[PDB]
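Listed next as structure tokens is one chain, alone, in the form deposited in one PDB entry.
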């Protein structure tokens, strides 16, 4: 009663996390097919030899031991089993059948979830069973789902002794049409990964191994079709690189040498025997060319994926080289040169180089505002004008605060310079020093606001546009820099902050 209702009214939401784990499960079944269907077609002892080897021994033909598959002057001749080896290797073949049925159950569950898959209508996922089933039926998706599930390998994919049918494991290649779920899994995996480049490198290493594996099966398929041990390019006793002295011909040897051959050919090292026949020349020429073009792309990418792991450092280093080269040409003094270099060094050890323009550039301004208001929360909690006034002021200004770094001696404001900006202390410590020297009057910590007196337009005192005091950085200071125009936009829109700023500035000026 419960199961019937639940499956009757079930509908899948594609944007969950359980669905992501499910697509990760489907990728495992896809990789299973991708490797082992071609493996079992070409190396057909993966299910069980299905024939005995019958080496000629010295006189008469006997079944081969491992000592007879070593240093052999001839290849063995196979004699089919009466039951195609089902009595001997039914356990191997039932393991294979179990894993095949398991991956096909994965495919069936994926087909059901496709049949009941919610879709986005207006930003919202439609999760009504009738709508999702109709959208499935009119989406031509049942074609891909059905072609990928035709159980044609259960009939003709296994050795049937009565018909003397040898099996065609390649009939299971129709499972490889569900590549879209696998492609979506990898994209969502790298979109969710905290180590995106490491995942990309792992995925490309998987691509390389799958390519070399399919090419190994290609090489051994062609070797077996031409005939093993017939010339010195084909795997066999005449190759002498595949079967040296004291090396036994086994199923592991056939795959190991084929994987090695494909590695050397696809990387265009080519330290493998040369073709003997026209068909082998055609195969090897086409294969080397694929290897050149194809591993070009791939290996080129891998080096570029391992570039971008360090590209912020490279941009920093280009700017820094450009500045050093400028300063050495123009013969700038060494004091100023080391000051600039130390500024860059500090700006690097604290990772403030350029890591705001990305968020600024691509995100929507409300997301940028929320991120910035969260990152600088403890700093902007101390700011007085922000703490007790309208909050729209805080938001509108928070998007318009530039962060600048000053050196241990720099003067942020000099007593008669010009008033264009106001500053909020993000880090560091400053001093309002007496004119020309010591006698520090007050000290400014994080959260302090200074510089408004000039860019406000109080009618009270004479200077009007000039700095009223000197402000000297004690160590390295990080300051928010708010322009005069931005301040006045946000003030003409918010009267209470204007009144507070003007009153405090008026008091400071009256006290002189």
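By rigid core we mean the largest C-alpha set that fits within 1.5 Å across both forms. Numbering follows the first chain given and starts at 1.
Heads up, the form deposited in another entry isn't pictured, but that's what we're talking about next.
- Measuring CA movement between this form and the one not shown with the rigid core aligned, the set 114, 267, 353, 174 has one residue at 2 Å or more: 353.
- Core-aligned CA deviation for residue 196 between this form and the one not shown: less than 2 Å.
- Superposition on the rigid core between this form and the one not shown places the CA atom of residue 331 less than 2 Å from its counterpart.
- Positional change of residue 435 between this form and the one not shown reaches 2 Å or more at the C-alpha, relative to the superposed core.
- Cα of residue 144 to Cα of residue 36: at least 3 Å longer in the other form than in the shown structure.
- Compared with the form shown here, the C-alpha atoms of residue 183 and residue 146 sit at least 3 Å closer together in the other form.
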